[PDB]
Every structure is written in C-alpha cells, then in structure tokens.
**Q** 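I have a structure here, written as structure tokens, and I will follow up with some questions on it.
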Amino acid sequence: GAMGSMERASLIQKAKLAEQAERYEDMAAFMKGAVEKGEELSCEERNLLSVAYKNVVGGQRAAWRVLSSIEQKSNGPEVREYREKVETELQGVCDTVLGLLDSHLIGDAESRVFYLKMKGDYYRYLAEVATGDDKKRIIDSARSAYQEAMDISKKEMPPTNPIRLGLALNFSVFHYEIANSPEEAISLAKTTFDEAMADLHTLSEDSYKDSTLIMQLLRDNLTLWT
Amino acid sequence: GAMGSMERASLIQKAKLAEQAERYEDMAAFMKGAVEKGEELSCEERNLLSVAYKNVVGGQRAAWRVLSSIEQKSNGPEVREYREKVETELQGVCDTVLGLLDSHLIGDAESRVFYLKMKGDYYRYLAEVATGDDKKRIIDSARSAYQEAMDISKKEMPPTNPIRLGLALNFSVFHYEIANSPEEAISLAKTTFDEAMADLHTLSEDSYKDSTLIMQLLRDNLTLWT
Amino acid sequence: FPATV
Amino acid sequence: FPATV
Ligand SMILES: O=C(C1=C(O)C(=O)N(c2ccc(O)c(C(=O)O)c2)[C@@H]1c1ccc2c(c1)COC2=O)c1ccccc1
Ligand SMILES: O=C(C1=C(O)C(=O)N(c2ccc(O)c(C(=O)O)c2)[C@@H]1c1ccc2c(c1)COC2=O)c1ccccc1
Ligand SMILES: [Mg+2]
Ligand SMILES: [Mg+2]
C-alpha cells in the first residue's frame, strides 16, 4: 500500500492535518493506512476514521441524489451514464470501509458497538442505490449489523450514552427510509429518547453535550415524521 | 485519453451535469476532453471550463494555505511533507491548464483576452507557491500574459466590459500580492473603476449585472488597501 | 431528510 | 484576501 512506508504515528498526524485542510479523501487514506498497521484504534482514532469516510461518502450520496432526481424527471443516455459513474465510485468507498471493518476492526463494549454501527451505516448507503436480486441481500445485512449493535448497547451502556443514542437514531432512519417501516422507525426513536430522559442522571461530564444533541436530533426526526 | 470515445456534445452535457452535482474535478475532466476535440469553444463553453478548474485549484490553494500557516507557526517533517504533497498536486493542475491553453485555446477579441487572462491567473497560482531560481521565471510569465490581455482589452472592448473589468481586477491583485507593487495595484484598480464609470453609458443588457459586480469588487479591494 | 450521525 | 474572478 501507498501508506505502507510511513509510521503509524505520522499517519495519525497527517490524518489530522487533512481534517484541518478539509481534505477528507487524504484523511481517509491516511486512516486506512493507520488501521492497516494492525493495531487497535483509540476512541479518538476511531472518530478520525469515521469522520473522514463519512465526509467522503456524504459528498457522493449528495451528487448521486442530484443526478438521480434529474434522471427521474428526465424519464439521451448521458444522465444515466454519469449517475452510474458516481454510483460505482460510491459503492467502491463503501466496500473499502466494509472490508476495513470485516478485516481489521470488527474488545470493549463501546468499541464493538462503534464498528458494528459503521457496518450497518455503510450497508445502508449501498442499499440507497441498489436494485434487484443483489439489492435485498444488502438490506438484511444492514439490519443484522444494527441489531447486534443494539443488543450490545442495550445491555452494556447506559441509555444516555452517545454511541448507543446515535446508533439508535440511525437504526430508526434505516427502518423509515430503507425498510418502509415507519412504525418501528418511530417506536425506536421515541423509546430511545424516552428511556434516556427516564435515566437522565446517567449523563457523564465527558459526553453530556453529545448526548443532549443526539436526543435533540431524535426529536427533530420525530417532529418530521408526525 | 479517457474522454476520447465520447462525443463532444455528450461531454458538454456531462460537464453541466457535474456542475449541478458540484463535482468540479469531473467537470474539469469533461471540459478538458471537449477542448481536445479540437474545436473552438463557445462563450458558454469557455466559462464551463474556467469555473470547473477554478473550483479545483481554489480548494487546493485553500488547503495549501491552511498547511503553510501551520508550517510557519511550527517553525517532525510531517507538516512539510503534507504541504509538499498538496503543493505538487496543485502545480499539476495549473500545468494541465497552462498546457491546455498553450496547445488548443490561445480569434475574436473577447476570446483572446479570456484565455490570456487564464494564462496569467494560473501562472499567478504557481507563483503563490514557488521559490528560488525556478520561481521568478514564473512571475514574469504571469505578467506578460496579463499585459498582452490588458493591451487587447484597452483597444478593442469598452471599459464597462466584464472581461476587461475582471482581468484588470486580477492584474491589480497580481501587482499587490505577487510583485510587491501596491502602487501599480491601486492605480490600476482606481483607473479601471474610474474609466468604467466615465463611460457608464456603454453597459449592455447582456452583461451589465456582471460589470456592476466587478466594479463593486474593484472598490471592495480598494477599501481593503486604503 | 432525516438526521443520522 | 483580495477579490479575483
Ligand atoms: O463528532 C462527534 C463526536 C466525536 O467525534 C466523538 O468522539 N464522539 C464520541 C463520544 C463518546 C464516545 O464513546 C465515542 C466513541 O466511543 O467513539 C465518541 C461523538 C460521537 C461520534 C460518533 C458517534 C457518536 C458520537 C454517536 O454515534 C456515533 O457514531 C459527534 C457528536 C454528536 C453527534 C454527532 C457526532
Ligand atoms: O460567472 C461569471 C460570468 C459568467 O459565467 C459569464 O459568462 N460571464 C461573462 C460575461 C461576458 C463575457 O463576454 C464573458 C466571456 O467572454 O466569456 C463571460 C461572467 C464572467 C465570467 C468570467 C469572467 C468575467 C465575467 C470577468 O473575467 C472573467 O474571467 C462571473 C460574473 C461576474 C463576476 C465573476 C464571475
Ligand atoms: Mg467527530
Ligand atoms: Mg461563471
């Protein structure tokens, strides 16, 4: 690999340099190389990886949607062709991550939930663009990954925990926008927000700001769905 | 080339698809291929090319500056190394354009000024990161390109013309930020704005909005310099 | 669109 | 920074 000659620590530095320059492709590449040094990632390190690849796929998803709606309205092959080009590119980045999870990353409870949530998210991103035989294989996967992460979080983390909270938010969105199950989607989100405020005394100084936000986002989604 | 199998017109379409998806690298690639079909570009087509590559180099210049100021403050080699990596990448895009100008693009007066202004701009972008023997070769080039474009515009376009106006704005900035000549930089900008309002009756319906803006930008720069 | 993190 | 177009 191209990062194979660099020190893990110099790769972490440059990932952080890239985030400052908002060069998230570089950022993701640096973090892929650090992961491939074979060592566990720290909490700070997990989130350098996630933020880098999320910003990458996020721009691709946004471009895909712009083109896809053009392609819908339009129904020349140039729109299909460009849509398919951005699509194939997006699929590759998800594979790169799902491969990085299924080979080095997938320990402690927060660590295991973190990576299983990533697995469910990037399977979900592929679901957004899939169709046919190959497609539904993808939906079940996003769901197993999420479920397993739900199981762990429910037993091992308090209901105010940011990872538990953010995972559930995304699992709700998965139900709504990916499984045509507004029922489950809304149930999870309401239960999640409710249970968290029921045990509101469990917020910690280190993450309370994050938990408050994910709770606000859970109610933002709920307002939007009803 | 990778765009060599596609029709010029399908390349123009996709350039426009890319601009909508804000995929400016793709946009630039599509327009590089269209240029390489060997035909003159229309006014609309020139500006698809310029906007695409400008957005490309603009993100690189911004990342370079973030890192360069970190590198200044910091005076480990990782900051230098990442700065040099973004630098080399930026230099390549300018070469690709300067090559595209010096091989297919560099007709009618607005067309000739347009491309000579691009030549001066991208020589200027390389000047921003150059040093030493190789460096000053670059400054003189940006200046010849600009001067020639000034000569043409002054004789062949009215002083309200957007191309004449925007070129002069950039030539002013070149004097200020690249030749340590605030005198010339301010003179040009004031003269340019003045002469344009002296003959304000020459605005045309097709471009008056653009001319007003470049005049407002000329006075924005002047406010900033005094 | 719904919020994810 | 100064404006260019
Ligand atoms: O950027 C954010 C944060 C930091 O980078 C960070 O370190 N967090 C954090 C706090 C506690 C933790 O235990 C861990 C961990 O075990 O890895 C990470 C925030 C955060 C990051 C990712 C996710 C979530 C929270 C929930 O699900 C997620 O995927 C952020 C904060 C609020 C909402 C969205 C994003
Ligand atoms: O996007 C802009 C415009 C359009 O895309 C466009 O077609 N223009 C235009 C109007 C009259 C023309 O004759 C031509 C032409 O011969 O090619 C182009 C604007 C424009 C584009 C590039 C430059 C300038 C003006 C001045 O210098 C430039 O480089 C823009 C407008 C105001 C300020 C900055 C940008
Ligand atoms: Mg973060
Ligand atoms: Mg334009």
Side-chain angles (χ1 to χ4, degrees), chain A residues 15-16 18-20 22 24 27-28 31 41-55 58 114 117-118 121 162-163 166 206-207 209-210 213-214, chain B residues 15-16 18-20 22 24 27-28 31 40-55 57-58 97 101 105 107-122 124-125 145-146 149-150 152-153 156-174 192 196 202-221, chain C residues 4-5, chain D residues 3-5:
Chain A
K16 280 169 193 154
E19 191 190 27
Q20 271 171 93
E22 283 171 338
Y24 293 114
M27 181 175 197
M31 289 305 303
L41 297 185
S42 72
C43 161
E44 179 176 8
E45 279 163 353
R46 301 194 279 263
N47 279 266
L48 292 178
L49 179 81
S50 57
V51 86
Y53 274 112
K54 197 193 174 231
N55 263 108
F114 191 102
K117 172 194 170 289
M118 281 184 86
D121 287 335
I163 298 320
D206 309 320
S207 54
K209 303 202 253 195
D210 286 351
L213 283 151
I214 305 185
Chain B
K16 280 169 193 154
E19 191 190 27
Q20 271 171 93
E22 283 171 338
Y24 293 114
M27 181 175 197
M31 289 305 303
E40 236 180 63
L41 297 185
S42 72
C43 161
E44 179 176 8
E45 279 163 353
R46 301 194 279 263
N47 279 266
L48 292 178
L49 179 81
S50 57
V51 86
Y53 274 112
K54 197 193 174 231
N55 263 108
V57 278
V97 172
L101 301 151
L105 304 168
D108 138 37
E110 296 195 332
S111 135
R112 298 181 280 119
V113 177
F114 191 102
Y115 295 122
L116 278 177
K117 172 194 170 289
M118 281 184 86
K119 194 179 166 119
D121 287 335
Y122 281 84
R124 166 162 65 89
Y125 301 149
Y146 281 139
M150 278 315 269
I152 295 168
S153 99
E156 316 201 8
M157 285 112 69
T160 37
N161 182 271
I163 298 320
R164 177 170 171 191
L165 287 173
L167 152 71
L169 182 87
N170 293 28
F171 199 22
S172 147
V173 167
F174 165 87
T192 279
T202 54
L203 292 144
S204 45
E205 322 165 24
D206 309 320
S207 54
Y208 78 96
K209 303 202 253 195
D210 286 351
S211 311
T212 56
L213 283 151
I214 305 185
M215 285 182 290
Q216 192 54 78
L217 306 154
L218 274 162
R219 214 129 200 81
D220 292 343
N221 277 356
Chain C
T4 51
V5 296
Chain D
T4 51
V5 296

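Excluded from the calculations below are hydrogen atoms, water molecules and symmetry mates; all remaining heavy atoms, backbone and side chain alike, are included. Order of the sequence lines sets the chain letters (A, B, ...), proteins ahead of strands, with each chain counted from 1. Every number for a ligand or one of its atoms is a count from 1 in the order of the listing.
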**Q** Find out whether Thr212(B) and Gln216(B) are in side-chain contact, i.e. whether some heavy atom of one side chain is under 4.5 Å from a heavy atom of the other.
**A**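 The answer is no; the side chains never approach within 4.5 Å.
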**Q** OG of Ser153(B) to CG of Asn161(B): how many Å apart, nearest 0.5 Å?
**A**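 It is 8.0 Å, given to the nearest 0.5 Å.
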**Q** Quick one, list the residues around ligand 2 where some non-hydrogen atom comes in under 4.0 Å, by chain and residue number.
**A**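 Only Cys43(B), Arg46(B), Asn47(B), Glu110(B), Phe114(B), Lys117(B), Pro162(B), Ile163(B), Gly166(B), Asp210(B), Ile214(B), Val5(D) have heavy atoms that fall under 4.0 Å of ligand 2, ordered by chain and number.
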**Q** Shortest non-hydrogen contact from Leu41(A) to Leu49(A)?
**A**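 Nearest heavy atoms, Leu41(A) then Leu49(A): CD1-CD2, 4.3 Å.
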**Q** List the residues meeting side-chain contact (heavy atoms from CB on, under 4.5 Å) with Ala18(A), not counting sequence neighbours, and say none if there are none.
**A**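 Testing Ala18(A) for side-chain contact (heavy atoms from CB on, under 4.5 Å), a comparison that skips the adjacent residues, returns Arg23(A), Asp26(A), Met27(A), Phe30(A), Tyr82(B).
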**Q** For the atom pair CG (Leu165(B)) and CG (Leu218(B)), what is the distance rounded to the nearest 0.5 Å?
**A**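 Output value for this atom pair is 6.5 Å.
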**Q** Does the side chain of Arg46(B) come within less than 4.5 Å of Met118(B)'s, by heavy atoms?
**A**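 No - every pair of side-chain heavy atoms lies 4.5 Å or more apart.
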